[PDB]
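Residue numbers (our numbering): 117 to 193. C-beta atoms are modelled at their ideal positions from N, C-alpha and C, and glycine is treated no differently. Each remark here refers to the structure printed beneath this line.
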Ligand SMILES: [Zn+2]
Ligand SMILES: [Zn+2]
Ligand SMILES: [Zn+2]
């Protein structure tokens, strides 16, 4: 419902591509799904793509994961 979809929360499946902003990630485990990455400032930053082995989740919206621009435009309040 609306509460479960207010933030991204995408859970990755094996074979999907994750994105991390190397400039803004607090640590290497901070990741974004493709849509949030492409809808965020980090599309313009130094980034790393990493194919998921399944599991993990998108960190769009977590101030404690990103030094700047924690929300993509879609999820930004
Ligand atoms: Zn996302
Ligand atoms: Zn997002
Ligand atoms: Zn960034």
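Heavy atom of ligand 3 within 6 angstroms of residue i beta-carbon
{"i": "residue 140", "result": "yes"}
{"i": "residue 166", "result": "no"}
{"i": "residue 191", "result": "no"}
Buried versus exposed call for residue i [16 or more other C-beta atoms within 10 Å across all chains shown]
{"i": "residue 145", "result": "exposed"}
{"i": "residue 147", "result": "buried"}
{"i": "residue 130", "result": "exposed"}
{"i": "residue 156", "result": "buried"}
{"i": "residue 143", "result": "exposed"}
CB of residue i within 7 angstroms of CB of residue j, strictly
{"i": "residue 123", "j": "residue 166", "result": "no"}
{"i": "residue 162", "j": "residue 138", "result": "yes"}
{"i": "residue 150", "j": "residue 169", "result": "no"}
{"i": "residue 158", "j": "residue 176", "result": "no"}
Near ligand 1: residue i beta-carbon under 6 angstroms from a heavy atom
{"i": "residue 162", "result": "no"}
Spatial distance of residue i from residue j (CA atoms)
{"i": "residue 173", "j": "residue 193", "result": "20 angstroms"}
{"i": "residue 182", "j": "residue 119", "result": "23 angstroms"}
Terminal residues of the alpha helix (DSSP H) in which residue i lies
{"i": "residue 174", "result": "First-last for residue 174: undefined, no H or E at that position."}
{"i": "residue 140", "result": "Note, residue 140: premise wrong, no alpha helix (DSSP H); not H, not E."}
Where the beta strand (DSSP E) containing residue i begins and where it ends
{"i": "residue 167", "result": "163-167"}
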